[PDB]
Amino acid sequence: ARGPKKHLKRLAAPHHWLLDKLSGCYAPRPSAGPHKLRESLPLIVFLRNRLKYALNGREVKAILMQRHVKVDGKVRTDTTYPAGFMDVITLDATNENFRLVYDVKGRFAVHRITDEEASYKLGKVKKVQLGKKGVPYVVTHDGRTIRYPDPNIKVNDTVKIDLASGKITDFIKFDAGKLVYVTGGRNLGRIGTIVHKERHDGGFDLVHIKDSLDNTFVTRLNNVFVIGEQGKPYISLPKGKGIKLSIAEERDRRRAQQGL
Amino acid sequence: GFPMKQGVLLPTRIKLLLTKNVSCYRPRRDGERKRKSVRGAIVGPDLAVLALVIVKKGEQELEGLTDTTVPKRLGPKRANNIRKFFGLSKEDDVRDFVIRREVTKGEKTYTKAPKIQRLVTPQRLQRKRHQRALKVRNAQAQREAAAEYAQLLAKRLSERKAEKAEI
Amino acid sequence: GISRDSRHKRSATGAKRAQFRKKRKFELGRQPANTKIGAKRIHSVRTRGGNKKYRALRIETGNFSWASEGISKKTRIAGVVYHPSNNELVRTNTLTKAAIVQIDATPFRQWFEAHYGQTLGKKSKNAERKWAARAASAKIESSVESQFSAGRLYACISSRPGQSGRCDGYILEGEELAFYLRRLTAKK
Amino acid sequence: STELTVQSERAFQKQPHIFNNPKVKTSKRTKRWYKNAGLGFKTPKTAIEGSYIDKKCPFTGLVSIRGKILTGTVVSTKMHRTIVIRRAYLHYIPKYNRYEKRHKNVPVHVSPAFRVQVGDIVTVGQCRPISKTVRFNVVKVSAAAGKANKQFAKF
Amino acid sequence: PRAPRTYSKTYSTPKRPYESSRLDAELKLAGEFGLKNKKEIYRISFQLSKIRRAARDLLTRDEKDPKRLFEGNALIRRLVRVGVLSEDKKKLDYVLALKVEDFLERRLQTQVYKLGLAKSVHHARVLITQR
RNA sequence: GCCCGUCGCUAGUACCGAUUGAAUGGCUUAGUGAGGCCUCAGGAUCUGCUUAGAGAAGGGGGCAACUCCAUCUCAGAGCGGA
RNA sequence: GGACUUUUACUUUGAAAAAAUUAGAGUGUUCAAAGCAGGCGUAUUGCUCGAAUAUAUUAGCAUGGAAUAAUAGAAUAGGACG
RNA sequence: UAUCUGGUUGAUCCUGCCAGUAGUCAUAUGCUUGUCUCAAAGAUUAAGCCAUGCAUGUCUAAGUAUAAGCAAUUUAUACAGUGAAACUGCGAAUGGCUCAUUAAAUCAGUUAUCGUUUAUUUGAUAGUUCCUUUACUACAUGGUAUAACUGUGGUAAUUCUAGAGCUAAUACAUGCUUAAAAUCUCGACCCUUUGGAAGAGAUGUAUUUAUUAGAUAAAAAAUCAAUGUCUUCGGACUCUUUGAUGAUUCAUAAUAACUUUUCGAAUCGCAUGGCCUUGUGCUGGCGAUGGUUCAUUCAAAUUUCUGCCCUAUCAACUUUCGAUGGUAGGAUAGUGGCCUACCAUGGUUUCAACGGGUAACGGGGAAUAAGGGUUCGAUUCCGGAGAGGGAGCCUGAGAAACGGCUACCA
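Protein chains in written order, with full-length UniProt numbering: chain A, 2 to 261; chain B, 60 to 226; chain C, 2 to 123, 135 to 200; chain D, 2 to 156; chain E, 2 to 132.
And the structure:
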């Protein structure tokens, strides 16, 4: 249709942003970046709609232009910046450090971390290819292009990044029995160690997963992100740790703690 | 009121396709062409005005022409243009020969000179120096990282020889 | 202009196809170069997303590779003498891929006489060591050397002249050369 | 289909960039290249033995099998190096809660490695646009000849 | 270009137009409770009729079906919170029973009377509506 | 008792029909073909690189012979560009 | 990793799956159509529950079934395994 | 939320339609109309025609200020505050509107690019640019030609512009540069062995061609042509390097070349200091804009499977002037009869082709509540198409754009 779309009609905007059906008309269209449109999160929805640090999007823009926010180490002035998974939100004033990881509902959750944890990133390798001048390279889910990796790193493995520097430090391979975070589908936001990989050549490898409640589910290799060992992630999970309570269970819990 | 146009011939009006960077037409948008009327370049009775230019002066002074003289409103702004209006050789410092313009702010006559561009300056030399410096630094950087991967691969090969020695 | 869509043109079933939408810029084609021999004239064409194509119209010199000798020189293209698509390209000496032309031979002569010390058709100590080291490698081939006598070498174009502005190609050799040999005389 | 003459075109049929040096006296004349489709598809003997050319061959040509893998019944082999196959099916209609016999004739390339005949059930693999109608390539002959010789003569 | 500000209606309307008996009963409810519209009855009888529907559909489900459990019990607790469903009869077979009168009797209209403050449902009306 | 058709009057609808009747729309033969785009030529002017003269400038460093780089100016000849 | 496999329909579970819309949970917009809010204290420098679930069939993928109903095979043995 | 009722008879039971009844995010219209909230709205007919206004522009300490601009002051005799105009850059290819065409088209659910283009954002990425190569080529930085402006003007008339005179660049056109190493060729000589060598040239990246490497299906041998590293001088060669995909002639690499030569910084802003051999020597901080290639993101272009309303008073259709396929080429960003040439005779059809109709844009959907259905969707989201009708095209990463141009018709 004659060229690049510049607007986003608030109604087509991804639901996991939790934007109200009315009041307004448009949404922030995530800038070009390290993350796909429908799995990012603009700074404005985070600062304003997720953190209540703002009301007018204009005020968000000001706040931001004041260099307060910084993502993964760089200041960032983009109002509708495509911040997404594993990214490190950093407020030097207020002394707050955030990491963007999924709920169990499927949304991005407000998660407060250490100042120490906020100095290294996790990154699922999406591809690893030989480069020009014979220099091999790995590229992870967030478009991070790191050269000279370990000759034992394949696709779908996961990786620990410096943030303050570029070098990959530690890495975990995609084996059976690995604490895995589901990043897509409606089984997303859950966590559960991996069971077994349905192969299928040239047509979507299915991944069999099991959480710490002996609940099982499948997905596809795409939505699967490796994050560690049994009971031993490499990042700070949030309240619930991807176990998915049924409607009746949730009903029971939220009306269990009820004594005013 | 239609304008002539050098190189059409015909002592008559013709309608041509006019483009960027060509007479009797200034565009209003990128690559905007327009078909406009234009008078020929051959003189005739239909001409209201004839733009002529003196090549040689006769034996008589013409009133508001030969008798009088107007100034070239501006002066040399680039470095070597200044160095060539007078011809100075890249030596005599250009910052004195820049024409300065007086202008009386009522009871405060002022002195304003251009802003010499293409001038070789300290800060330019500093930036240049930084270019070459940074370039070489990253060169050796990438070289040493290359040596590093060379080592890792080498003593990985060594661990493959060691492992193949185990079994 | 020239559209390369498939939206015109009958369905395989047969039916006439309606006119959905108008001509789009991206489905465009452009005119053939129809490139010929002699004097360098090449026009750059602006394509999609920048990227110039080079369109040779008249070309005199090209880069030709002697496949089995490991070398490649730059010679003057003498003339088209065969073409599998259209005979009209031969009568017109129009330059195009897969066209069979005759090149100059003399730089290839100079190289071979300077490399083997043997000379086609029909002193320095180090160079003697080399020319002696070689041989059992100077057999050429009947058809290639016979080709060398007349001083014109049957070559096959492999570059796209109306595309790259280059008229490169290889020398004919073996089964291929035999084919175009039989073919090129049996129609004369 | 093809058959005979191999070099029966105005141009010279040769596999691209498969140099066979004249000087180097070989006893096979011509150097042959080939690969494997994948997905389980055994590259037939007649493809590596043979001396055809077909750039639209999955096993020796310049195409790649990827996407859909279908099967069908050969209805047409009248053209050259290409066939038409009828894929039948049944269509569910809700209001009546019943089915109806439908079909589609898919155009598909067939390499001179195989030897097809009308009736042979065949397995094809989707490739790139080969022709005006062709997006599939015959990749396995599941049938045979429908017990042809089993209609022989008296005694 | 904005979102649809959704809506719906809250009343149905009798199929037969002039069934004298139903007119009698409807009238009785009106005068007894101090309603100005037959609509005020229709409304209720529609609301109720949706409940009952949701009820029937659950009753066909298998006992201890997750949806029957969660939603059925949710509906039940809902019909209790107001004052229509008794704590005695409290397992969605009475919600298949029920009647309009039980809904009618729970209005502020009805309560601001039934224990004094009014002496008539009409004085209840006039009081309520007058701030 | 009921009842069928020709025939007669008022209203309405549709059919057949000289006019080889008319109107709109989509396709379309043949002929004529504007226009931008491509291409062979064109050269109002306006410079370009190469060859050499006539007057000064700046020195690779010398007692005389010796000798490079940048710039500008007019009789005059080759190789191409806009 | 090497070597080959008669083809189907049916049914199950699952994945892949925008929102709004519908069905529907929670929250007293004073009620209500709605909205996705809100609720709590130290109401002088916080506390905190959410923003569910379901349907989403035909075709394509994936997985379990082996009744029903088709299909192919060893008779001029040109058969089966070794 | 599974209901009927009035009308053929003298009366009866039927058949059967007419009429009654109820709703419609369903239009209109009529009579009446007081309060709160919510707020659809020139779609239907005429994608009919339109007066006037407005709806697209845009500047950071950081490309270009000698406004004969304003402000003055706080140093500022190159400039520096602030800033009209003009240049340059990006944007105007989104938005908004309409439903005219469109019936295997669009759309949808599902796919593919081992079939391509992509501004941007994001992460990566660059020591080679000169030349018989000591009496040297600006790099302490090479060339003009222009607007604005001044001034002279033309027409009834426009966002019309002519002749003259000035002047900028991150515009235009040029054009130097930096380490070590090694690999290939040639090769002066010296000297016969089995042969080894001073020093001359080439080797950034991109582009075009040819060639080679890119192993791995479990394990061993002889010979010919070349010819490598170490001699324990008969000879051995031992450890030997391997990425990815289901799949490649893939990524990546080497050889011989090729090119009216792509790129490799003649740019800007704040600070202004280190270190002496005291040369305006040599260094040195922060980030701005740019710059080739790869990745990323936003895209786009095509593309597999299956699914559309009425119609037989449409049964055969398709190849004129491509219809279905093979070869080669051309053209494209690229796949392909997309086009050309040669060649063949193919392609669809009662499982309904082809043709006609549609008051037909497709979908999410909507109305109607026993179920199965019936009916509808121009219209707040998504996809497509158009800008009075047609074609053509410039600019550009992206348009066959119309609040762009060109031509024809109205």
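Built from N, CA and C at the ideal position, the CB exists for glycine as well.
Contact check, residue i vs residue j, beta carbons under 9 Å
i        : j        : result
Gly39/C  : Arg59/C  : yes
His92/D  : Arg103/D : yes
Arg108/A : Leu19/A  : yes
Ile52/E  : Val81/E  : no
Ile84/D  : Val111/D : yes
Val122/E : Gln131/E : no
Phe34/E  : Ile248/A : no
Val25/D  : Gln14/D  : no
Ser161/C : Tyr117/C : no
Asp143/A : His36/A  : yes
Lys122/A : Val156/A : no
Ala12/D  : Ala13/C  : no
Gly181/C : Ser170/C : yes
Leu71/D  : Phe137/D : yes
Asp158/A : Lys133/A : no
N- and C-terminal bounds of the beta strand (DSSP E) containing residue i
i        : result
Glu101/D : 99-110
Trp67/C  : 62-67
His197/A : 197-199
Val125/D : 122-127
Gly32/E  : Premise fails: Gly32/E lies in the alpha helix (DSSP H), 21-34, not in any beta strand (DSSP E).
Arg255/A : Unbroken run through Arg255/A is the alpha helix (DSSP H), 248-255; no beta strand (DSSP E).
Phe99/A  : 97-100
Where the alpha helix (DSSP H) containing residue i begins and where it ends
i        : result
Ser217/B : 181-225
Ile113/B : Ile113/B -> no alpha helix (DSSP H), and no H or E assigned at all.
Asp103/E : 101-105
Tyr235/A : Premise fails: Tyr235/A is in no alpha helix (DSSP H) and is neither H nor E.
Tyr182/A : Where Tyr182/A is concerned, there is no enclosing alpha helix (DSSP H), although the beta strand (DSSP E) it sits in stretches over 180-183.
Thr197/C : 187-197
Option in the options with minimal Cα separation from residue i
i        : options                               : result
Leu75/B  : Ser96/B, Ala192/B, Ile113/B           : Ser96/B
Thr74/D  : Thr3/D, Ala149/D, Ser65/D, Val142/D   : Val142/D
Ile101/B : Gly90/B, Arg132/B, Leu77/B, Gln65/B   : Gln65/B
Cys128/D : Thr44/D, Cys58/D, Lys29/D, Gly41/D    : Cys58/D
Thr62/C  : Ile43/C, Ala148/C, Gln111/C           : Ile43/C
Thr76/C  : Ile104/C, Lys53/C, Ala162/C, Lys200/C : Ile104/C
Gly58/A  : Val72/A, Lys71/A, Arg68/A, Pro43/A    : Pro43/A
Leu111/B : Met63/B, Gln190/B, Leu212/B, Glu166/B : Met63/B
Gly163/C : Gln111/C, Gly15/C, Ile101/C, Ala106/C : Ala106/C
Whole-angstrom C-beta distance between residue j and residue i, which should lie under 8 Å
i        : j        : result
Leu121/C : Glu157/C : 5 Å
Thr81/A  : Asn98/A  : So it is not a contact: roughly 22 Å between Cβ atoms.
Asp206/A : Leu180/A : The pair is not a contact, with the Cβ atoms about 19 Å apart (cut-off 8 Å).
inquiry  = Runs of 3 residues minimum, wholly inside the region 134-168 of chain A: which ones carry the beta strand (DSSP E) assignment?
reply    = Note on the region 134-168 of chain A: whole beta strand (DSSP E) runs with a minimum of 3 residues are 137-141, 146-148, 159-162, in chain order.
task = Identify every run of the alpha helix (DSSP H) within the region 60-99 of chain E, keeping only runs that are complete inside it and at least 4 residues long; order them along the chain.
result = Those alpha helix (DSSP H) runs which fall completely within the region 60-99 of chain E and span 4+ residues are 67-83.
task = Any chance you could list the beta strand (DSSP E) runs of at least 3 consecutive residues sitting entirely within the UniProt domain "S4 RNA-binding" (42-105) of chain A, in chain order?
result = Counting only runs of at least 3 residues, the UniProt domain "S4 RNA-binding" (42-105) of chain A fully encloses the following beta strand (DSSP E) elements, listed from N- to C-terminal order: 70-72, 89-92, 97-100.
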